[PDB]
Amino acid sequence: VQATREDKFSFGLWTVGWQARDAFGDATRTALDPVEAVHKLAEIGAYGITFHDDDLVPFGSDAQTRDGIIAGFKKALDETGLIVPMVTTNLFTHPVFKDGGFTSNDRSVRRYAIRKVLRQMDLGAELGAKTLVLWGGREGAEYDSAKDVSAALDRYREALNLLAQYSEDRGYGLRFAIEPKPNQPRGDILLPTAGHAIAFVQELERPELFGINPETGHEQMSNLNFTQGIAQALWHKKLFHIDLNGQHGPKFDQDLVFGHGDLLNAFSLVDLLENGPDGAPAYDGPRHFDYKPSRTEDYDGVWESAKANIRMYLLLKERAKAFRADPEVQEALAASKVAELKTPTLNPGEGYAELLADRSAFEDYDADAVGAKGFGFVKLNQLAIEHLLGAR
């Protein structure tokens, strides 16, 4: 029922700190003090906090101010025992970034965007952060003829290669996590899905330092299966971090509490992350909530919502465990042949010639007869939902 530091729950300062100024209205909440955020999160059970440079230090603060703020923040982490597992840079808010940071058509903007990141990398290293998340929110376009995608990908790579060079030379040991999003705020953003982000990373100079930071709602904005995408990310060993939240399909980015959107997929996701090979989780990084307390809430509503994320995750974990431990489930899994997918299609040392000589794989194969046996998938699915519902 209660969270432990071993759970690795983290929250972005920009989450609980969201003032609720949306596209159609003014802020409904006052600004949250970074120091206070540190104490309340520590208090609800979080193990770490994350932030955008501009979330902690107001864009344009002098070094005197900047330094003061960092010192205070640092104290709070100290007193509470919270760590900073990841940091990110704001390359989307200021008007200069209206056509992107790393991929702006304007060369000067591109030089400036890199500088802004190098700086944040420095603070990150000083606070002990291990991951740099890159969300290229303005990289993309509203009109096709406005952006040369090829040139854009060259420029994205150019910037990223420099960042790895630097981290490596300074010995920061950072890992870089590219965050995919299909749209909002640009009409279409470059690297729209977890798949596009993985393919791209494979083309960098030191690909081993790069992975992705997929977000629940981002994949759901395209009506994709989040769990299946994570599974693919895991297969590639590129799941460097993860943003959990809720969404209701293809519409604006809702950023609801984790599990308040597609509940069934929230369940299969916890099951995937926690019931890894041999008991152990399949994923070891932070369970980071990138969500927003609804505009209708006050600070009470804010802390409630922060705890709801933790709660949802632990209730789901609990049922995922019980689902897998149930002998009846175990029996249905067997009947559906789920584990049979783990056995190689080919026998040991078997190649094309041995397979071509096997009459049982074609010539004497009774396709009609195998075609008629059911897989028992509805029943396995029903057992999963009953565990989810606390009915089994």
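A residue's number is simply how far along the shown sequence it sits, counting from 1.
**Student:** Per the PDB record, is the mean Cα temperature factor higher over 277-285 or over 239-247?
**Tutor:** Taking the mean C-alpha B-factor of 239-247 and of 277-285, the larger value falls to 277-285.
**Student:** Given the B-factors recorded for C-alpha atoms, which segment has the greater mean, 323-331 or 50-58?
**Tutor:** Taking the mean C-alpha B-factor of 50-58 and of 323-331, the larger value falls to 323-331.
**Student:** Just grab whichever of 148, 126, 99, 215 has the top CA B-factor as deposited.
**Tutor:** Top of the list by C-alpha B-factor: 126.
**Student:** If you rank the chain by CA B-factor, which third does residue 341 end up in: lowest, middle or highest?
**Tutor:** Bottom third by C-alpha B-factor.
**Student:** Considering only modelled residues of the same chain, in which third does the CA B-factor of residue 15 rank: lowest, middle or highest?
**Tutor:** Lowest third of the chain for residue 15's C-alpha B-factor.
**Student:** In terms of the chain's CA B-factor thirds, is residue 349 lowest, middle or highest?
**Tutor:** It belongs to the middle third of the chain when residues are ordered by C-alpha B-factor.
**Student:** How does residue 196 rank on Cα B-factor within its chain, lowest, middle or highest third?
**Tutor:** Tercile = lowest for this residue's CA B-factor.
**Student:** Classify residue 161 as lowest, middle or highest third according to the C-alpha B-factor given in the PDB entry, relative to its own chain.
**Tutor:** Within its chain, residue 161 is a middle-third residue by C-alpha B-factor, going by the deposited values.
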